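K.L.:
Take a look at the following structure, please.
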Amino acid sequence: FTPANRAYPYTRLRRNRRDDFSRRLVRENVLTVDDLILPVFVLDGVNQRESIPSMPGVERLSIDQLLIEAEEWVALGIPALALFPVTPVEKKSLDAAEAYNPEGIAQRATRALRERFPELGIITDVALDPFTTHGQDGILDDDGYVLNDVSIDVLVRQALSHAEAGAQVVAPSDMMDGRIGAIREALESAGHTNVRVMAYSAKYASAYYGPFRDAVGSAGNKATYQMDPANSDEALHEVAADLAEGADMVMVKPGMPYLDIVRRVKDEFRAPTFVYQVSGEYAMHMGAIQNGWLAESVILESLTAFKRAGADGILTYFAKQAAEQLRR
Amino acid sequence: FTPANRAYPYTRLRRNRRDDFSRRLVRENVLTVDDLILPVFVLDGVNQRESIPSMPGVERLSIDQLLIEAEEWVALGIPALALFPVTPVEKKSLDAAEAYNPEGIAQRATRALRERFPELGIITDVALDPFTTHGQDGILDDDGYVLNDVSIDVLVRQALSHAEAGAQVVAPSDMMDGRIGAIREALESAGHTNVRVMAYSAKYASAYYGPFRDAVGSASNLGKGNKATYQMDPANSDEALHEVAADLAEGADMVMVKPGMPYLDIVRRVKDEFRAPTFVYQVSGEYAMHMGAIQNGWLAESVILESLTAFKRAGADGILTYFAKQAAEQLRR
Amino acid sequence: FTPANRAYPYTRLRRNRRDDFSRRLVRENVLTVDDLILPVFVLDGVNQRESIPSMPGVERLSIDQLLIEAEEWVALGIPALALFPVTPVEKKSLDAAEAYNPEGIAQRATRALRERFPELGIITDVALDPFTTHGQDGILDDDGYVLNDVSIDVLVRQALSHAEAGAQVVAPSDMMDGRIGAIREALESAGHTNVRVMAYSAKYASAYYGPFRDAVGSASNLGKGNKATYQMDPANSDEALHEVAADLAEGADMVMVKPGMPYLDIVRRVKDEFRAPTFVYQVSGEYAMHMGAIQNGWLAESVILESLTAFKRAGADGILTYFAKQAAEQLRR
Amino acid sequence: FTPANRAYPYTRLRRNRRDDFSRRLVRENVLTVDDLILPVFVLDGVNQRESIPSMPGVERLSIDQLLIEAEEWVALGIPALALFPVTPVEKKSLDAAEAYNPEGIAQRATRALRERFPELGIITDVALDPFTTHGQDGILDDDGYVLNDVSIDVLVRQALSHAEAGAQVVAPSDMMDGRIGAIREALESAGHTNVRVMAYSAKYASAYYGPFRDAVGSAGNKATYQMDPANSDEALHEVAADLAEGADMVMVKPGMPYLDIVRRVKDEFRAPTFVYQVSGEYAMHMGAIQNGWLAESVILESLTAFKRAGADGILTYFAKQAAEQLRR
Amino acid sequence: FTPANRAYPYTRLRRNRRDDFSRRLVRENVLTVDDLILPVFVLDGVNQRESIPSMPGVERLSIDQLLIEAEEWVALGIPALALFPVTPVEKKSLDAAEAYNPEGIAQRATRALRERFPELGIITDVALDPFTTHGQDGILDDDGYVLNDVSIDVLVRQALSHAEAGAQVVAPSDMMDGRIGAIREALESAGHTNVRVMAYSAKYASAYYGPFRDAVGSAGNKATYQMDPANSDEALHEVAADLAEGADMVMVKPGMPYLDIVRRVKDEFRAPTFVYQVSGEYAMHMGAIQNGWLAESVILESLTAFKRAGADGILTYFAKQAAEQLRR
Amino acid sequence: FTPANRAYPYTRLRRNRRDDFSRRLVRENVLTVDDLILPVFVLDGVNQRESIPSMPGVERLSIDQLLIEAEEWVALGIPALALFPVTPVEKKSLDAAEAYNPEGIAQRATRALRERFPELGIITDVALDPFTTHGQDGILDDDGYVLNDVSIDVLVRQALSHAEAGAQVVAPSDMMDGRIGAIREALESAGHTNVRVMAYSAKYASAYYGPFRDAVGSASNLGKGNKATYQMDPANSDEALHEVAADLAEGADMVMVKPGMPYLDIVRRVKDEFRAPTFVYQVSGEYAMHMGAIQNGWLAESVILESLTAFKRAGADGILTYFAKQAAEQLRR
Ligand SMILES: [Mg+2]
Ligand SMILES: [Mg+2]
Ligand SMILES: [Mg+2]
Ligand SMILES: [Mg+2]
Ligand SMILES: [Mg+2]
Ligand SMILES: [Mg+2]
Ligand code: NA
Ligand code: NA
Ligand code: NA
Ligand code: NA
Ligand code: NA
Ligand code: NA
């Protein structure tokens with residue numbers, strides 16, 4: 003950055019703001035549907051939907067209903083979904099074995115979508131917290147500590163089962179050290195050459211996940232694996248490791264409360280960069296809009312921010328709404 | 003940056019996360035009371051206190067009530083207030099003359115606070131939008147365009163009236179080009195040598211100001227109006243650096259990014275490039291959306307300190323936040 | 003940049019290439035209609051439409067015809083036009099006086115378009131080469147040298163005549179030293195506060211302008227002449243940064259690189275160093291060579307959007323292109 | 003970059019432009035014959051030349067004719083040729099075995115040139131598309147996907163056969179991940195210590211290759232291996248990998264529509280950098296010149312651009328024309 | 003850094019200094035108790051304390067006394083202690099075997115503190131100089147040279163014994179090349195996954211250690232392993248190696264005479280950065296304060312410097328004093 | 003920086019440490035006599051020599067005694083002295099007039115040294131704190147605030163009196179904003195073309211000056227007073243870069259950081275960013291704490307050259323140090 007000695011009144015930054023045509027020409031960033039990933043909550047049943055108290059307007063969907071809705075998502079141009087199964091309580095355990103069940107919700111939903119919409123991206127969730135009895139993120143030792151390498155063993159089995167289901171992207175959200183490299187090695191050994199790994203690289207120990215926990219039925228803290236909200240430099244180490252270990256894309260989470268992190272990650276690594284606008288961000292915005300406190304326009308404003316900050320792709324519960332505005 | 007060939011399992015970033023003592027040691031940033039500015043809505047009259055439905059837990063206060071509340075803001079260590087007068091309807095006009103009235107609410111409130119709390123920082127708002135019938139931040143030409151240099155003449159008179167009232171900091175929030183330099187030159191000429199200028203440098207044409215406009219009562223004046231010919235396009239990041247560079251050249255003592263959390267990347271760029279005192283406004287819409295979620299039971303109250311910690315990590319030195327009292331209470335404990 | 007120790011087979015860059023959905027997600031740049039400026043050749047007279055053999059598919063149009071065509075340019079969302087008058091032979095002279103004629107073609111066309119399409123951006127050409135008997139961009143001394151400061155006096159009058167006609171943007175294409183500052187000061191003094199200056203900052207002494215010179219009819223005036231004493235040596239890259247820095251200092255609102263695809267590295271440097279609104283001219287020779295190849299069947303029509311995507315990737319915000327209509331049609335579909 | 007407060011009228015950038023002598027002194031870049039590589043299309047026969055419809059003035063040449071022409075190329079000072087065989091249809095197959103035939107056109111032309119002009123550089127094309135029945139870039143799986151590692155196996159055999167023919171440079175144009183490292187390992191194992199590898203590192207999925215496809219007789228898309236024209240950051244990852252894998256020089260392709268990529272690659276890596284002015288660029292220019300729409304001078308202008316952008320060497324169908332102008 | 007053309011009188015840097023409230027708002031750095039590590043000297047006995055002539059106000063403490071004092075340290079919020087045993091003369095040897103004695107002072111103190119204050123960080127000293135007869139830093143060859151790899155063998159045994167005692171951090175202060183990597187490998191092999199390594203990375207051959215040598219009873228030079236005070240660039244190589252070898256935090260030593268090194272290390276690596284305000288710095292300051300030559304306020308001034316220079320954590324004999332001022 | 007993949011055991015950084023000859027070869031920095039400035043305390047009167055209990059081994063000297071001592075400072079090669087007069091009590095006043103007295107101690111001492119040792123560099127102190135009854139560095143307003151521009155008027159007269167006395171270097175230590183430019187303009191206008199200005203650029207509101215204030219006898223004048231409204235907050239690092247940039251713009255020939263060893267990171271930043279002659283003051287408190295420890299037997303005398311080597315490594319070109327004679331003696335041997 004060079005200021006180039008620009009000075010009022012020779013330089014008046016309002017001249018370009020004067021007319022819509024000059025604002026449109028110089029406009030630095032834009033949201034398009036190419037940027038959008040829709041996370042979806044998937045039920046076990048058939049002919050079912052459920053409303054979520056802390057996520058107004060978001061539904062859990064059984065797989066038949068998910069296929070119906072996906073027709074419109076595909077028509078809108080949304081490139082990918084991110085699947086989050088809502089695991090029945092009977093299928094939760096200490097060993098999280100349901101993670102790699104070829105008939106688990108994630109695996110069944112994946113096969114169904116891959117067959118019905120071959121061009122639609124399916125990003126599965128590599129994670130043990132949907133399958134543990136404690137909603138905790140992995141296998142626990144006697145002190146209640148989430149064991150790093152032993153949990154990865156389970157995540158690796160899960161990632162393989164997602165690849166076999168035909169998922170084009172697996173996205174480890176677990177924050178175990180080294181899991182990206184372990185999952186990549188396994189995929190490569192098993193001949194899953196082209197399965198992308200979307201690392202949750204810099205995923206903070208946040209209070210903004212509350213409504214997601216209600217959505218998935220897992221509703227303890229995670230400061231021993233998820234990042235301290237205070238730390239920024241530390242995020243660069245996380246991403247560097249994950250790129251070395253073979254991630255095809257890297258993600259910051261949560262989103263708008265961490266835009267500075269998005270900016271640094273894109274600037275320093277110049278790699279495909281993703282950001283999750285999490286359940287709490289969605290719920291904050293949607294709550295204020297429904298209360299009449301904010302205009303609908305905040306939705307696009309929030310999504311434009313992610314582009315401006317350097318994100319290539321955004322995981323957002325507003326993906327459908329945003330895509331419909333962009334179609335119009 | 004230099005990754006230094008750090009590789010798992012030799013590098014395991016969970017080791018520092020293992021225990022509280024090590025997380026505390028390596029913790030890169032923290033919010034303190036020194037970082038906090040409380041914006042306050044100020045009524046005319048006496049013994050007036052009004053709730054704001056779009057800003058739950060926030061009240062408009064007459065000056066007598068403001069003086070009483072400020073006792074505990076001072077006790078909690080909050081360094082400064084940012085005053086926002088709620089202009090009576092009959093005092094709005096084309097020429098925004100009420101802006102420089104020595105007896106306007108902002109001027110009166112300043113004089114009262116400077117006397118009662120001589121150590122408390124008073125930031126006044128340099129801006130015509132509270133005083134105009136149309137709700138725009140300056141004087142309109144015959145095409146309804148906000149005139150730049152003519153509006154600055156009025157902002158200059160206003161800033162001078164604020165200095166004369168004893169304000170330590172004037173904050174032009176108007177987004178006219180050149181106004182920081184015009185205000186600085188007027189202050190210097192008049193002998194207001196040490197009056198700080200906190201420039202709203204990169205203030206975006208945002209939708210997150212809705213509840214503030216309700217609170218000061220400019221919402222009905224503005225109607226469906228927009229500020230796209232002066233406040234910045236949300237899409238633009240490089241442009242913000244040009245804004246800040248000019249305001250520093252023009253003599254700003256502090257530079258501000260607004261809104262806040264939707265623009266953390268801009269805070270990061272501004273601090274990184276200029277290394278200057280950097281400020282950020284956690285706007286009314288940001289406050290309301292958090293409040294709304296907390297009151298519904300959708301988010302824990304811990305999101306308040308998480309939202310504020312973000313501004314520190316992004317590179318802000320000071321934060322204008324309606325949560326300043328809550329936060330200062332939480333830090334005192 | 004930081005390679006982050008990425009190594010095959012852990013890193014396989016074909017994974018993101020595997021499917022359309024992943025290519026779309028990671029796709030770093032895209033052309034939109036917001037990026038497009040259509041240059042247009044404007045005839046005197048009424049009901050005139052002339053093909054240009056060296057620019058297949060491009061026509062010179064009288065103002066009545068321009069107004070009709072512009073209806074669909076507006077409907078397709080093209081933000082702005084760049085006007086290039088085709089000066090009658092008898093109006094060319096040593097003093098280039100026709101440049102500032104309130105009744106010249108450019109002035110007339112501007113008034114007509116500003117009235118009929120108030121939202122359409124009109125970029126006028128500040129330049130003496132359409133009005134000079136020799137075809138050079140300024141007034142010659144007795145050695146046949148293009149005088150710098152004397153030519154600026156004329157360009158200043160011209161820019162003022164354009165502003166008076168209602169042009170939102172004047173674009174000095176002349177490559178005189180200092181002209182951006184001289185034009186800016188004249189606009190400011192005259193109250194043309196918001197008239198943008200789109201500086202042709204790094205315009206090269208190129209051979210790719212041949213078909214344009216046919217189109218405006220300056221080719222016969224120029225003959226074998228060259229512009230080496232003002233337009234930049236093609237070999238020089240560092241020099242372009244000094245050009246842009248001066249034009250920004252002098253008050254340009256936008257800076258332009260010209261020609262385009264033969265100078266993509268200069269676009270990249272200019273955007274990287276200055277972070278300012280950056281423009282690029284896909285010149286007449288670039289248009290013709292693509293057209294020629296497409297019409298012969300040697301290249302698919304897909305090269306059009308590939309050539310334009312390149313400007314975005316290189317760092318241009320806006321592109322002056324004779325393909326603007328074709329491209330906007332292709333994007334609408 | 004420091005502007006150093008330079009200001010009109012103290013600074014007038016036209017002063018150096020005033021006279022030829024000052025323009026020549028400050029002139030930042032120049033094309034010389036040292037920068038030129040001539041690609042040539044090689045026929046199977048004897049005493050044969052063929053004209054190419056979409057490449058005016060370019061001939062396919064049998065090997066006897068190629069030796070005749072190379073005398074003038076050598077006299078002009080052109081450092082290297084890039085050989086592109088025109089494979090007879092009978093010698094195309096699914097397995098691309100003709101790639102490593104010691105009596106293939108490329109191998110025969112290489113031996114002949116190495117013997118007759120020992121100082122002339124010969125850059126062979128490591129590629130399966132001249133030898134496949136589908137002109138596709140490698141071995142196909144059941145879905146028609148170009149298999150990465152299995153194709154490399156064939157490319158490695160081909161590169162070895164080029165080294166044995168005496169090629170000083172092999173230039174893999176295939177865009178398989180990891181092929182540079184695989185080819186380098188093989189060359190090193192086989193004792194081909196000094197055989198240079200000119201990686202096609204950042205080679206875009208372009209429409210500018212049309213006339214080349216007519217030239218080689220292969221006249227389907229390549230977006231699953233060649234780069235998206237939209238992507239610039241991604242090019243830096245490609246080059247970094249190829250330098251780590253052992254490339255001696257790295258190339259951007261196509262050329263003038265990707266000068267920004269040349270600039271970034273030279274700036275970031277400071278390694279020997281090449282650029283291909285492809286058949287479509289040649290044909291666009293030559294078409295406009297022949298139509299009288301552009302002056303001949305555009306040829307040198309286009310080649311000067313490559314130098315200015317940071318290229319060390321340029322693969323160009325204009326190499327002979329440019330060399331003759333530089334001789335005069 | 004961009005000056006942004008700031009000029010007197012438009013810019014008056016005294017405006018922000020005018021009032022306490024504006025100084026507090028712009029204040030760039032602050033010391034908190036989160037930053038503080040207290041080094042402590044530990045005696046063999048019971049019911050014992052000893053004063054140290056060259057460290058006014060610092061005591062050696064037997065383990066019972068150490069537990070008593072640690073109550074107040076914990077109440078103050080001090081995150082960690084750094085243990086330095088005062089080894090009885092009978093337990094010194096050429097082989098330094100007392101380093102890895104499970105009943106050595108360090109190991110006994112560690113167990114006791116880990117049991118009584120489970121949240122208090124214990125950083126042990128990985129070092130042979132407390133256990134050698136010559137106070138020299140390792141195993142000596144026939145010339146009196148400190149043997150690199152042979153000393154590491156002993157340090158590795160010692161670090162393992164500290165991990166088994168329950169130390170959360172081991173801090174190798176020895177300056178043997180490669181010891182960080184050797185100690186990390188051993189910890190990982192032995193299943194000590196979460197034991198942090200605080201490398202003394204850039205530890206100068208300083209005269210500021212004198213009073214420490216009196217404190218530990220070891221009271227020869229160290230220029231063959233500790234760094235030349237003259238060298239700054241060399242410090243970056245030391246830290247890069249130690250980060251590659253697996254250190255979780257990196258330290259500069261001594262402190263205030265090396266603030267430029269702190270600044271460079273934080274700027275270049277963006278990793279958790281520590282600094283030791285050594286015994287000589289403590290004694291210089293405390294001496295001047297007691298003589299009435301300097302005000303008590305120099306203590307916080309010196310500690311604020313470390314934060315400003317880029318240190319995250321500070322090893323300081325003033326930790327208690329500083330924490331009490333911060334509590335008030 | 004570039005680690006270049008250096009890894010143990012191929013890289014063993016102890017190899018260069020193995021022998022003295024290799025340590026000497028790679029040794030990155032060294033102190034020499036060329037780097038040394040000796041500050042001296044100067045009494046009125048004749049045949050006066052006074053010890054300073056808070057600065058062991060340092061004496062206040064009358065001018066006759068200063069002239070004698072300076073013979074060996076010159077012989078040891080010390081390039082320059084920094085004079086600090088010890089102002090008689092009766093010469094302190096509100097207006098600090100003694101600052102510009104042609105017969106003041108500093109002026110007299112300068113004339114005497116310039117005559118006796120024409121090659122010895124004389125740095126005079128531009129500052130009002132030795133001459134004010136309150137001990138502050140400028141003139142107070144009615145609120146007890148140190149007035150900026152009014153104090154500069156006095157500093158300007160003083161700097162001129164120093165130049166007239168023959169001082170080659172004036173060093174404003176006052177921390178008024180703008181004083182470097184004001185002093186430079188006055189020197190230029192008056193024909194003092196080559197008088198250097200050594201700016202105390204980033205001088206902190208420090209506690210390490212205590213023994214100096216005893217030595218010049220301003221300690222009793224200052225009492226409990228502070229200089230927080232002008233000298234820099236110790237916590238601030240970015241701010242120091244803004245300070246230095248202004249002083250260079252204003253015409254400083256050298257820029258100084260003060261205090262020294264507690265601010266080595268600031269020395270490093272200032273040298274790195276500006277590449278300008280950089281100076282650092284090893285203050286009286288730094289001298290005393292080292293002295294105290296050496297005399298008690300707690301630290302070896304080798305810490306003296308270690309403290310000074312640090313300033314070189316950090317990027318200082320010159321060091322103001324009460325150890326200059328000891329150090330120059332140690333280097334001569
Ligand atoms: Mg990780
Ligand atoms: Mg502005
Ligand atoms: Mg120019
Ligand atoms: Mg590749
Ligand atoms: Mg080491
Ligand atoms: Mg200053
Ligand atoms: Na995208
Ligand atoms: Na702050
Ligand atoms: Na654009
Ligand atoms: Na070359
Ligand atoms: Na810390
Ligand atoms: Na020096």
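Protein chains in written order, with the deposited numbering: chain B, 3 to 221, 227 to 335; chain A, 3 to 335; chain A', 3 to 335; chain B', 3 to 221, 227 to 335; chain B'', 3 to 221, 227 to 335; chain A'', 3 to 335. A prime marks a further copy of an entry chain.
Cβ coordinates follow ideal geometry from the N, Cα and C atoms, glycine included.
#1: Please go through the stretch 49 to 137 of chain A and give each complete alpha helix (DSSP H) segment of 4 or more residues, from N-terminal end onward.
#2: Can you give me the C-alpha to C-alpha distance between A'/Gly-140 and A'/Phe-3, rounded to a whole angstrom?
#3: Using beta-carbon positions only, say whether B/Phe-119 and B/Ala-169 come within less than 8 angstroms of one another.
#4: Less than 7 angstroms separating the Cβ of B/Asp-240 from some heavy atom of ligand 11?
#5: Assuming A''/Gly-320 is part of the beta strand (DSSP E), what are its boundary residues?
#6: Since B/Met-263 meets chain A, which of its residues come closer than 8 angstroms, beta carbon to beta carbon?
#7: Would you check whether ligand 3 has a heavy atom nearer than 7 angstroms to the C-beta of A'/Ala-248?
#8: Could you check whether the Cβ of A''/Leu-15 sits closer than 7 angstroms to any heavy atom belonging to ligand 5?
#9: Which bits of chain A does B/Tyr-232 rub up against, with CB to CB less than 8 angstroms?
#10: Measuring only from the beta carbon, is B''/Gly-227 closer than 7 angstroms to any heavy atom that is part of ligand 12?
#11: Which of the three DSSP states, helix, strand or coil, is assigned to B''/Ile-185?
#12: With a threshold of 8 angstroms between beta-carbons, can B/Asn-150 be considered close to chain B'', or not?
P.N.:
Checking against the coordinates, here is how it stands:
#1: 65 to 77, 107 to 118
#2: 45 angstroms
#3: no
#4: no
#5: 320 to 323
#6: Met-263, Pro-264, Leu-266
#7: yes
#8: yes
#9: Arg-16, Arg-19
#10: no
#11: helix
#12: yes
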